[PDB]
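Only one structure is covered here, and it is reproduced in the block below.
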Amino acid sequence: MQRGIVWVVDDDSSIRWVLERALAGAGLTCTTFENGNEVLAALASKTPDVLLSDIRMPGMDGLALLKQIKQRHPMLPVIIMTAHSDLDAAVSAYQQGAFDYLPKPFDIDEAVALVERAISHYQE
C-alpha cells in the first residue's frame, strides 16, 4: 500500500541493507542515504512517515539533525539507532517528543514491525 515511507541515514552498508531489504520485501519505499544533512532536505520532497538514523557520522552526532525533526516534523515518528554510547543521551534527549528508539544491531523482524507501529498509530 505504501501508506508509510521509511528512509535511512547510516554510514555503513550492512546498516542500510537491513533497513532496506526489510522494506524491499514489504509494500513500503526504501531510501538509504549517507549523510543526515542530505536527508533533512529530502523531507521537503515528499516527507517520509518515519526514519531510522544509525548515528555513524563524524560531524553530526546522529541526533544533531534529529533535533530539528521535532521542530519541523513533530507529527513525524522517528527512530534512533545506536545502542552503544548514545542511548544514555537519547533516553532523556530523544524524550523531547520522540518515539521509542531501537538500539543496533537488532532483529529486522522487530524493526519491520516497529516502523509499522508509527505509521499505524494514525491509520490503524
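In the C-alpha cells, chains take letters A, B, ... by order of appearance, with residues numbered from 1 within each chain and ligands from 1 in the order shown.
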Using only C-alpha atoms, find each residue of range 10-68 of chain A with at least one atom at most 8 Å away from an atom of range 81-93 of chain A; report its shortest atom-to-atom pair and that distance in Å (one decimal), sort the rows by chain and rising residue number, and return the result as a tab-separated table.
```
residue	atom	partner	partner_atom	distance
A:52	CA	A:81	CA	6.4
A:53	CA	A:81	CA	5.6
A:54	CA	A:81	CA	4.3
A:55	CA	A:82	CA	6.2
A:63	CA	A:90	CA	7.9
```
Counting only C-alpha atoms, what is within 10 Å of residue 34 in chain A, bar same-chain residues fewer than 5 positions away, as a list in words?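 What passes the distance filter is residues 8, 9, 10, 11, 12, 13, 16, 39, 56 and 57 of chain A.
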Could the residues in this selection be written to a file with C-alpha atoms, as a PDB file, in the first residue's frame?
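Below you can see result.pdb, which holds the result:
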```pdb
ATOM      1  CA  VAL A   8      17.630   5.607   6.361  1.00  0.00           C
ATOM      2  CA  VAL A   9      20.748   7.672   7.052  1.00  0.00           C
ATOM      3  CA  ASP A  10      23.670   5.470   8.088  1.00  0.00           C
ATOM      4  CA  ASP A  11      27.376   5.416   7.234  1.00  0.00           C
ATOM      5  CA  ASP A  12      27.517   1.652   6.700  1.00  0.00           C
ATOM      6  CA  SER A  13      26.304  -0.761   4.021  1.00  0.00           C
ATOM      7  CA  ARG A  16      21.368   0.310   5.476  1.00  0.00           C
ATOM      8  CA  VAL A  39      18.250  13.601   4.352  1.00  0.00           C
ATOM      9  CA  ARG A  56      27.532   6.980  12.350  1.00  0.00           C
ATOM     10  CA  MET A  57      28.609  10.446  11.208  1.00  0.00           C
TER      11      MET A  57
END
```
For residue 120 in chain A, the nearest of the candidates A:4, A:105, A:36, A:59, counting only C-alpha atoms: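 Between A:4, A:105, A:36, A:59, the residue approaching residue 120 in chain A most closely is A:4.
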Neighbours of range 109-116 of chain A within 10 Å (only C-alpha atoms; same-chain residues fewer than 2 positions away dropped), as a list in words? residues 3, 4, 5, 6, 18, 19, 21, 22, 23, 26, 28, 49, 50, 51, 52, 77, 78, 79, 100, 101, 102, 106, 107, 118, 119, 120, 121, 123 and 124 of chain A
Restricting the output to N, CA and C atoms, write the selected residues as a PDB file, in the first residue's frame.
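Generated output (result18.pdb):
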```pdb
ATOM      1  N   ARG A   3       1.648   3.143   2.463  1.00  0.00           N
ATOM      2  CA  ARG A   3       0.995   4.172   3.261  1.00  0.00           C
ATOM      3  C   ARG A   3       1.977   4.800   4.247  1.00  0.00           C
ATOM      4  N   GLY A   4       3.226   4.347   4.200  1.00  0.00           N
ATOM      5  CA  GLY A   4       4.239   4.874   5.095  1.00  0.00           C
ATOM      6  C   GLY A   4       5.646   4.605   4.598  1.00  0.00           C
ATOM      7  N   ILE A   5       6.290   5.636   4.060  1.00  0.00           N
ATOM      8  CA  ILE A   5       7.647   5.504   3.547  1.00  0.00           C
ATOM      9  C   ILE A   5       8.673   5.593   4.673  1.00  0.00           C
ATOM     10  N   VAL A   6       9.721   4.782   4.575  1.00  0.00           N
ATOM     11  CA  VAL A   6      10.775   4.769   5.583  1.00  0.00           C
ATOM     12  C   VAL A   6      12.140   5.024   4.955  1.00  0.00           C
ATOM     13  N   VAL A  18      19.984  -3.941   5.913  1.00  0.00           N
ATOM     14  CA  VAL A  18      18.961  -4.481   6.799  1.00  0.00           C
ATOM     15  C   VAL A  18      17.678  -3.664   6.721  1.00  0.00           C
ATOM     16  N   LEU A  19      17.812  -2.348   6.854  1.00  0.00           N
ATOM     17  CA  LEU A  19      16.662  -1.452   6.796  1.00  0.00           C
ATOM     18  C   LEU A  19      16.080  -1.403   5.388  1.00  0.00           C
ATOM     19  N   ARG A  21      16.367  -4.159   2.753  1.00  0.00           N
ATOM     20  CA  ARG A  21      15.741  -5.444   2.461  1.00  0.00           C
ATOM     21  C   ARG A  21      14.434  -5.600   3.232  1.00  0.00           C
ATOM     22  N   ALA A  22      14.380  -5.009   4.422  1.00  0.00           N
ATOM     23  CA  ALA A  22      13.189  -5.081   5.258  1.00  0.00           C
ATOM     24  C   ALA A  22      11.970  -4.529   4.526  1.00  0.00           C
ATOM     25  N   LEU A  23      12.135  -3.365   3.906  1.00  0.00           N
ATOM     26  CA  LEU A  23      11.048  -2.730   3.170  1.00  0.00           C
ATOM     27  C   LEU A  23      10.956  -3.280   1.750  1.00  0.00           C
ATOM     28  N   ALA A  26       8.479  -5.694   1.684  1.00  0.00           N
ATOM     29  CA  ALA A  26       7.150  -5.209   2.036  1.00  0.00           C
ATOM     30  C   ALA A  26       6.643  -4.202   1.009  1.00  0.00           C
ATOM     31  N   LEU A  28       6.547  -0.861   1.232  1.00  0.00           N
ATOM     32  CA  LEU A  28       6.968   0.467   1.663  1.00  0.00           C
ATOM     33  C   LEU A  28       8.266   0.877   0.975  1.00  0.00           C
ATOM     34  N   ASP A  49       7.341   9.063   6.395  1.00  0.00           N
ATOM     35  CA  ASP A  49       6.458   8.815   7.529  1.00  0.00           C
ATOM     36  C   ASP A  49       7.259   8.402   8.760  1.00  0.00           C
ATOM     37  N   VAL A  50       8.536   8.097   8.554  1.00  0.00           N
ATOM     38  CA  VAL A  50       9.410   7.687   9.646  1.00  0.00           C
ATOM     39  C   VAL A  50      10.824   7.413   9.147  1.00  0.00           C
ATOM     40  N   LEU A  51      11.810   7.703   9.987  1.00  0.00           N
ATOM     41  CA  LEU A  51      13.208   7.487   9.632  1.00  0.00           C
ATOM     42  C   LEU A  51      13.952   6.773  10.755  1.00  0.00           C
ATOM     43  N   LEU A  52      15.047   6.109  10.404  1.00  0.00           N
ATOM     44  CA  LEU A  52      15.852   5.386  11.383  1.00  0.00           C
ATOM     45  C   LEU A  52      17.336   5.684  11.196  1.00  0.00           C
ATOM     46  N   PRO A  77       6.879  10.462  13.302  1.00  0.00           N
ATOM     47  CA  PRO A  77       7.522   9.491  14.192  1.00  0.00           C
ATOM     48  C   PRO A  77       8.904   9.077  13.697  1.00  0.00           C
ATOM     49  N   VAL A  78       9.921   9.328  14.517  1.00  0.00           N
ATOM     50  CA  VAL A  78      11.292   8.980  14.163  1.00  0.00           C
ATOM     51  C   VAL A  78      11.842   7.903  15.091  1.00  0.00           C
ATOM     52  N   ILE A  79      12.911   7.243  14.655  1.00  0.00           N
ATOM     53  CA  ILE A  79      13.535   6.192  15.449  1.00  0.00           C
ATOM     54  C   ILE A  79      15.051   6.350  15.475  1.00  0.00           C
ATOM     55  N   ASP A 100       9.780   5.626  20.860  1.00  0.00           N
ATOM     56  CA  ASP A 100      10.732   4.642  21.360  1.00  0.00           C
ATOM     57  C   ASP A 100      11.743   4.266  20.281  1.00  0.00           C
ATOM     58  N   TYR A 101      13.017   4.519  20.557  1.00  0.00           N
ATOM     59  CA  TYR A 101      14.080   4.211  19.609  1.00  0.00           C
ATOM     60  C   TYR A 101      14.408   2.720  19.623  1.00  0.00           C
ATOM     61  N   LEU A 102      15.324   2.315  18.750  1.00  0.00           N
ATOM     62  CA  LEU A 102      15.729   0.916  18.661  1.00  0.00           C
ATOM     63  C   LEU A 102      17.242   0.795  18.514  1.00  0.00           C
ATOM     64  N   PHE A 106      20.007  -5.276  15.735  1.00  0.00           N
ATOM     65  CA  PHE A 106      18.701  -5.742  16.189  1.00  0.00           C
ATOM     66  C   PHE A 106      18.117  -6.758  15.210  1.00  0.00           C
ATOM     67  N   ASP A 107      16.907  -7.223  15.502  1.00  0.00           N
ATOM     68  CA  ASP A 107      16.237  -8.197  14.650  1.00  0.00           C
ATOM     69  C   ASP A 107      15.281  -7.506  13.681  1.00  0.00           C
ATOM     70  N   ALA A 118       4.448   3.152  14.096  1.00  0.00           N
ATOM     71  CA  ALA A 118       4.404   4.605  13.988  1.00  0.00           C
ATOM     72  C   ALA A 118       3.484   5.044  12.854  1.00  0.00           C
ATOM     73  N   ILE A 119       3.411   4.227  11.809  1.00  0.00           N
ATOM     74  CA  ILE A 119       2.567   4.531  10.659  1.00  0.00           C
ATOM     75  C   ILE A 119       1.129   4.084  10.899  1.00  0.00           C
ATOM     76  N   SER A 120       0.965   3.063  11.734  1.00  0.00           N
ATOM     77  CA  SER A 120      -0.360   2.538  12.047  1.00  0.00           C
ATOM     78  C   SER A 120      -1.022   3.358  13.150  1.00  0.00           C
ATOM     79  N   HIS A 121      -0.206   4.067  13.923  1.00  0.00           N
ATOM     80  CA  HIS A 121      -0.712   4.893  15.014  1.00  0.00           C
ATOM     81  C   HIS A 121      -1.736   5.902  14.501  1.00  0.00           C
ATOM     82  N   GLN A 123      -3.137   5.530  10.929  1.00  0.00           N
ATOM     83  CA  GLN A 123      -4.025   4.773  10.056  1.00  0.00           C
ATOM     84  C   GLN A 123      -4.749   3.678  10.833  1.00  0.00           C
ATOM     85  N   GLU A 124      -3.996   2.678  11.278  1.00  0.00           N
ATOM     86  CA  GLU A 124      -4.567   1.569  12.034  1.00  0.00           C
ATOM     87  C   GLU A 124      -5.711   0.918  11.263  1.00  0.00           C
TER      88      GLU A 124
END
```
List every residue of chain A that DSSP, applied to the backbone, labels as strand (DSSP E or B), and write the result as an MDAnalysis selection string. chainID A and resid 6:9 30:33 50:53 79:80
What would the file look like if the residues just selected were written as a PDB file, in the first residue's frame with N, CA, C and O atoms?
```pdb
ATOM      1  N   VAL A   6       9.721   4.782   4.575  1.00  0.00           N
ATOM      2  CA  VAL A   6      10.775   4.769   5.583  1.00  0.00           C
ATOM      3  C   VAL A   6      12.140   5.024   4.955  1.00  0.00           C
ATOM      4  O   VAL A   6      12.541   4.335   4.017  1.00  0.00           O
ATOM      5  N   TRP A   7      12.849   6.017   5.479  1.00  0.00           N
ATOM      6  CA  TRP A   7      14.172   6.362   4.969  1.00  0.00           C
ATOM      7  C   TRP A   7      15.258   5.984   5.971  1.00  0.00           C
ATOM      8  O   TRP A   7      14.974   5.727   7.141  1.00  0.00           O
ATOM      9  N   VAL A   8      16.502   5.952   5.505  1.00  0.00           N
ATOM     10  CA  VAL A   8      17.630   5.607   6.361  1.00  0.00           C
ATOM     11  C   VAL A   8      18.815   6.532   6.109  1.00  0.00           C
ATOM     12  O   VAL A   8      19.029   6.992   4.987  1.00  0.00           O
ATOM     13  N   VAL A   9      19.582   6.802   7.160  1.00  0.00           N
ATOM     14  CA  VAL A   9      20.748   7.672   7.052  1.00  0.00           C
ATOM     15  C   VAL A   9      21.910   7.139   7.882  1.00  0.00           C
ATOM     16  O   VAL A   9      22.228   7.677   8.943  1.00  0.00           O
ATOM     17  N   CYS A  30      11.917   2.496   0.139  1.00  0.00           N
ATOM     18  CA  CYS A  30      13.168   2.397   0.880  1.00  0.00           C
ATOM     19  C   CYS A  30      14.216   3.348   0.309  1.00  0.00           C
ATOM     20  O   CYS A  30      14.634   3.210  -0.841  1.00  0.00           O
ATOM     21  N   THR A  31      14.636   4.314   1.119  1.00  0.00           N
ATOM     22  CA  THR A  31      15.631   5.289   0.694  1.00  0.00           C
ATOM     23  C   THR A  31      16.799   5.345   1.672  1.00  0.00           C
ATOM     24  O   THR A  31      16.649   5.786   2.812  1.00  0.00           O
ATOM     25  N   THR A  32      17.966   4.896   1.219  1.00  0.00           N
ATOM     26  CA  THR A  32      19.160   4.894   2.054  1.00  0.00           C
ATOM     27  C   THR A  32      20.098   6.035   1.676  1.00  0.00           C
ATOM     28  O   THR A  32      20.395   6.243   0.499  1.00  0.00           O
ATOM     29  N   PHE A  33      20.563   6.771   2.679  1.00  0.00           N
ATOM     30  CA  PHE A  33      21.468   7.891   2.450  1.00  0.00           C
ATOM     31  C   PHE A  33      22.817   7.646   3.120  1.00  0.00           C
ATOM     32  O   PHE A  33      23.082   6.556   3.626  1.00  0.00           O
ATOM     33  N   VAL A  50       8.536   8.097   8.554  1.00  0.00           N
ATOM     34  CA  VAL A  50       9.410   7.687   9.646  1.00  0.00           C
ATOM     35  C   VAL A  50      10.824   7.413   9.147  1.00  0.00           C
ATOM     36  O   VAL A  50      11.017   6.948   8.022  1.00  0.00           O
ATOM     37  N   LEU A  51      11.810   7.703   9.987  1.00  0.00           N
ATOM     38  CA  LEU A  51      13.208   7.487   9.632  1.00  0.00           C
ATOM     39  C   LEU A  51      13.952   6.773  10.755  1.00  0.00           C
ATOM     40  O   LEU A  51      13.542   6.822  11.916  1.00  0.00           O
ATOM     41  N   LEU A  52      15.047   6.109  10.404  1.00  0.00           N
ATOM     42  CA  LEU A  52      15.852   5.386  11.383  1.00  0.00           C
ATOM     43  C   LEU A  52      17.336   5.684  11.196  1.00  0.00           C
ATOM     44  O   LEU A  52      18.000   5.075  10.358  1.00  0.00           O
ATOM     45  N   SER A  53      17.849   6.622  11.985  1.00  0.00           N
ATOM     46  CA  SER A  53      19.254   7.003  11.906  1.00  0.00           C
ATOM     47  C   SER A  53      20.115   6.084  12.768  1.00  0.00           C
ATOM     48  O   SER A  53      19.849   5.901  13.956  1.00  0.00           O
ATOM     49  N   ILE A  79      12.911   7.243  14.655  1.00  0.00           N
ATOM     50  CA  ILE A  79      13.535   6.192  15.449  1.00  0.00           C
ATOM     51  C   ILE A  79      15.051   6.350  15.475  1.00  0.00           C
ATOM     52  O   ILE A  79      15.672   6.639  14.451  1.00  0.00           O
ATOM     53  N   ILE A  80      15.640   6.155  16.649  1.00  0.00           N
ATOM     54  CA  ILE A  80      17.084   6.272  16.807  1.00  0.00           C
ATOM     55  C   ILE A  80      17.743   4.899  16.881  1.00  0.00           C
ATOM     56  O   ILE A  80      17.213   3.979  17.504  1.00  0.00           O
TER      57      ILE A  80
END
```
